[PDB]
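See below for the structure under consideration.
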Amino acid sequence: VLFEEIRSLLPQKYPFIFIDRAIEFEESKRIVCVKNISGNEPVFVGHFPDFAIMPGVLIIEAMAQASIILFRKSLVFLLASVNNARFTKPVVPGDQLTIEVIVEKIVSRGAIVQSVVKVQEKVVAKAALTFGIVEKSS
Amino acid sequence: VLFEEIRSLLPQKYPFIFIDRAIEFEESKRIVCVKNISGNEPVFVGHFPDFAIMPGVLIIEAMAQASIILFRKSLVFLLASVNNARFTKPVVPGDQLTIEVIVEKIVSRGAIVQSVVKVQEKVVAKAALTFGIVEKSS
Amino acid sequence: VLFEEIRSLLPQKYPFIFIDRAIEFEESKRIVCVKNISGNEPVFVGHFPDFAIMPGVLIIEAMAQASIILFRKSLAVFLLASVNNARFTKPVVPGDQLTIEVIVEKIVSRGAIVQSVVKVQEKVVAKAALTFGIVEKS
Amino acid sequence: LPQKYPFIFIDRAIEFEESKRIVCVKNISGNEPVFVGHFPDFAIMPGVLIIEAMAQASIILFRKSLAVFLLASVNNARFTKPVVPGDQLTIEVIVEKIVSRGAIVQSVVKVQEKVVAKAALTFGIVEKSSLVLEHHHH
Amino acid sequence: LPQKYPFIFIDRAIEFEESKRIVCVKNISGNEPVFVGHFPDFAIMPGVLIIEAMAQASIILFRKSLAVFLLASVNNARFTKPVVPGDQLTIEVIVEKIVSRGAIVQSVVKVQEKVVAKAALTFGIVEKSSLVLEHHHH
Amino acid sequence: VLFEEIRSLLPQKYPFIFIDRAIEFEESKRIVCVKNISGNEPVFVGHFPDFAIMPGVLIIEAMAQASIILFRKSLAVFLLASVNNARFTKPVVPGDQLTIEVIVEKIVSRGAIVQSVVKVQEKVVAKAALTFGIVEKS
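Residue numbers (PDB author numbering), protein chains in the order written: chain AA, 1 to 75, 84 to 146; chain AA', 1 to 75, 84 to 146; chain BA, 1 to 75, 83 to 145; chain CA, 10 to 75, 83 to 154; chain CA', 10 to 75, 83 to 154; chain BA', 1 to 75, 83 to 145. A prime marks a further copy of an entry chain.
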């Protein structure tokens, strides 16, 4: 799944896109996606001026956007719960995020997912995410 | 504590500043800070084009930056653990985030904190955050 | 009037939105709008890098956009044609709220005239008398 | 100039006369940040930003001779014509008085021959006493 | 132009000759995004972006007469002189052949009289067969 | 060579950084660098909004910045003076890695000449012959 199938699948547009390509896809349980970390991205100007590192909260969003792509390839998604999120290794410009998402429930008008992010072949982040589904509440 | 005492206290610079002012401060246990949500911020262009809402991961960063200000008014801080993070109400341009941070441990080369964010006087987010302290590991 | 109406009513989009919501509005006589000043806005990296002040000219645009909301919720690119008695007193910085008051004095003569006073919590910081012009499709 | 991008509005000063007169040229183009949202329908230079080109042409004089000069009074400002990418401003500022900790000037902005705007500006002279002043206001 | 900001490099086409020649003007200023980092020491228009002004002046011809024309060959390109804010490019493009699904042109860029750059460009003509082509490459 | 050396060695800072790291480097003969193409980069919102392609000219700059790393780890604003035999074949999109190979042919004659070939996974997508110039402090 190339980047521009991803664009209309994601409601997010720049500056808040964190998915570049999807390698694997199991229709409603599993997906893996790729995020290229390049020094030319906007967040690296201020985080940090001295040392460029991907913020941990943006890795969670990279987990969440990979979940939304799975969900909307599977027949507004707001992240509502973050549990057991662990951040292990610094993420540097030049790395590729291999973002893994496993589905745990799609039954509570929302979704519990459990995600694992890896650089070349070693884990750098994990989290258990839960979303909520709303559309123009008013 | 006005915005430009905050600037040198925070290692983050735009586009990744989420603290505008600190109202209260207890030297090493408690702080409250303010974040103004304005539609002219860069994240609202792509999140979302149809409906402007503050992402949940950026509220966690607003919690984390309020913790760093407490820590560096108290004699590189990387967020390493997110636990029990709950997101309750949508955050809209025009709202003020009253970010609360309570300190739980500063004893593990890092810090466990437990944060509560509120709009006018009602809770919209909470989280238990844990950081790690590194400086030019090489 | 919340921000999603503000954004559909204003012809200005980012990076030139200076109204976040309206709190009191009465049908072609008087309106009051709120602008949150945030340190994460795009103008503050340049004005100034040394000391972040809301530019005075952009307070005038905030006065202008507030009455465009008033002009247009009242039965087109409204462009500024004249400014008289523009007085600015106190620097407004990130962390402040601008309560923008606009009072109509004369409406369309192919252009409208308004008196506007901007305040921080209740101390006056800017006031001006604005006249706009209504437009072609040249 | 004390400012940088995104809020720099001068490129060249063609004629400099020690203490009372300059002519400056800021020149308009499509890649400036303001035209992305003002307007998406079609690009016009905002009238308030034309006032900056006047104020910045002023402040270049007052410290190329004889250094944050905040905008204090804008009287008799008329915006006769729209400014469009491809055009080139030709800002002339005549100093009228250096009365006290401020200065009154008369500015006229010109495109190739026609006159598109004029204003009468008055500023205020401080650098860093200004901080504690801004501290005392809060 | 198929592009928008931050990658628009034309403002006015002064002379248009149906199928073989234009002269265009992109004009340089300090508020363009490229000069924030090229260079922080002092601002020079990158030579590769001057090639865009040539290529965009070309592509305006080929569809103002007779619509994504990707850059395929850049031969004999010389950058004699630096381009600085305040300057104004004057891009001339002579069409030499519309051979097949592409076009060979000779461009010369001029500041007030002197010549700052020239190049010989060749493009490729597709719109949307280009997607599945890009799909087949992956 | 990781990114923090890349950023101190390159004179180009954002938004004009096009090298993320170097993987093999040998002292004034040959260098190989890596560029991650991400959909969250600033150029892709404008080139194109319809279809995100890495501009060909910025691949040349990536060739140029890679050899500036090579020129400067080998005992100043290196500016592009000539481009010959620039051939571009395949569109490179977000999700791809650019493996930038540069080979020195002649070093400082007040300028250097290099042959550069850029690749995606191993298929060649861009190649050029670059000559730069070393500079004044005009």
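All C-beta atoms, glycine included, are put in the ideal place defined by N, C-alpha and C.
Three-state secondary structure (DSSP) of residue i
| i | result |
| --- | --- |
| CA:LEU58 | helix |
| AA':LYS134 | strand |
| BA':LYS113 | strand |
| CA:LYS73 | helix |
| BA:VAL34 | strand |
| AA':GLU4 | helix |
| AA:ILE120 | strand |
| AA:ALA66 | helix |
| BA:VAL127 | coil |
| CA:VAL84 | strand |
| CA:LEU10 | coil |
| AA:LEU105 | strand |
| CA':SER146 | helix |
| CA:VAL99 | coil |
| AA':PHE51 | coil |
| BA:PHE25 | strand |
| BA:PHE44 | helix |
Within chain CA', the residues that residue i reaches when beta carbons sit closer than 9 Å
| i | result |
| --- | --- |
| BA':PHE48 | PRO11, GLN12, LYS13, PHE16, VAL84 |
Contact test: residue i Cβ vs the ligand ATP heavy atom, cutoff 7 Å
| i | result |
| --- | --- |
| BA':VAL111 | Ligands are entirely absent from the displayed structure, and the ligand ATP is therefore not among its contents. |
Of the listed residues the options, nearest to residue i (C-alpha basis)
| i | options | result |
| --- | --- | --- |
| BA':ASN91 | BA':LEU137, BA':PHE25, BA':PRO11, BA':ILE17 | BA':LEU137 |
| BA':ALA66 | BA':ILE19, BA':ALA88, BA':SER8 | BA':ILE19 |
| AA':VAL43 | AA:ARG21, AA:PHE16, AA:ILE6 | AA:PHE16 |
| BA:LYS126 | BA:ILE6, BA:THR96, BA:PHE51 | BA:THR96 |
| CA:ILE114 | CA:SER146, CA:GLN128, CA:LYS130, CA:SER28 | CA:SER28 |
| AA':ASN40 | BA:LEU86, BA:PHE3, BA:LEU70 | BA:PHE3 |
| CA':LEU70 | CA':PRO55, CA':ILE107, CA':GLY46, CA':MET54 | CA':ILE107 |
| CA':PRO101 | CA':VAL121, CA':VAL84, CA':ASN36, CA':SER74 | CA':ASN36 |
| CA:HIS153 | BA:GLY46, BA:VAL34, BA:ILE60, BA:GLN128 | BA:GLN128 |
| CA':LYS144 | CA':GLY46, CA':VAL84, CA':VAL111, CA':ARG72 | CA':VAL84 |
| CA:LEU58 | BA:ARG94, BA:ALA135, BA:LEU58 | BA:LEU58 |
| CA:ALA135 | CA:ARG117, CA:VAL148, CA:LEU147, CA:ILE110 | CA:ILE110 |
| AA':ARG72 | AA':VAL131, AA':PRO98, AA':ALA133, AA':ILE31 | AA':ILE31 |
| CA':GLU112 | CA':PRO98, CA':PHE139, CA':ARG94 | CA':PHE139 |
| BA':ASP50 | AA:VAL132, AA:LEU86, AA:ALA88, AA:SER8 | AA:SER8 |
| CA':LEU147 | BA':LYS130, BA':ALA93, BA':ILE6, BA':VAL99 | BA':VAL99 |
| AA':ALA62 | AA':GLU26, AA':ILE6, AA':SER74 | AA':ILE6 |
| AA':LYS13 | AA:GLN104, AA:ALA133, AA:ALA52 | AA:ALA52 |
| AA:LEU10 | AA:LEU86, AA:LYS130, AA:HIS47 | AA:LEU86 |
| CA':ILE23 | CA':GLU150, CA':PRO55, CA':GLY46, CA':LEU105 | CA':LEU105 |
Chain BA' contact residues for residue i, given Cβ-Cβ distances below 8 Å
| i | result |
| --- | --- |
| AA:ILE37 | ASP20, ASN36, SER38 |
Contact set between residue i and chain BA, taken where Cβ atoms lie within less than 9 Å
| i | result |
| --- | --- |
| CA:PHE95 | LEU86, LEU87, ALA88, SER89, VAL90, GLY140 |
Proximal residues of chain CA, C-beta to C-beta of residue i below 8 Å
| i | result |
| --- | --- |
| BA:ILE60 | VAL57, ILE60, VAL90 |
Below-8 Å beta-carbon distance, residue i vs any chain BA' residue
| i | result |
| --- | --- |
| AA:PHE51 | yes |
| CA':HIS152 | no |
Within chain AA, the residues that residue i reaches when beta carbons sit closer than 8 Å
| i | result |
| --- | --- |
| BA':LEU2 | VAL100, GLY102 |
Short CB-CB distance (under 8 Å) between residue i and chain CA'
| i | result |
| --- | --- |
| BA':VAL32 | no |
Minimum Cβ-Cβ distance from residue i to chain AA' less than 8 Å
| i | result |
| --- | --- |
| BA:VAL109 | no |
| AA:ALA66 | no |
Below-8 Å beta-carbon distance, residue i vs any chain BA residue
| i | result |
| --- | --- |
| CA:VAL45 | yes |
Under 8 Å by beta carbon: chain AA' residues contacting residue i
| i | result |
| --- | --- |
| BA:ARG7 | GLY39, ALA52 |
Interface flag, residue i vs chain AA, CB-CB below 8 Å
| i | result |
| --- | --- |
| AA':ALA119 | no |
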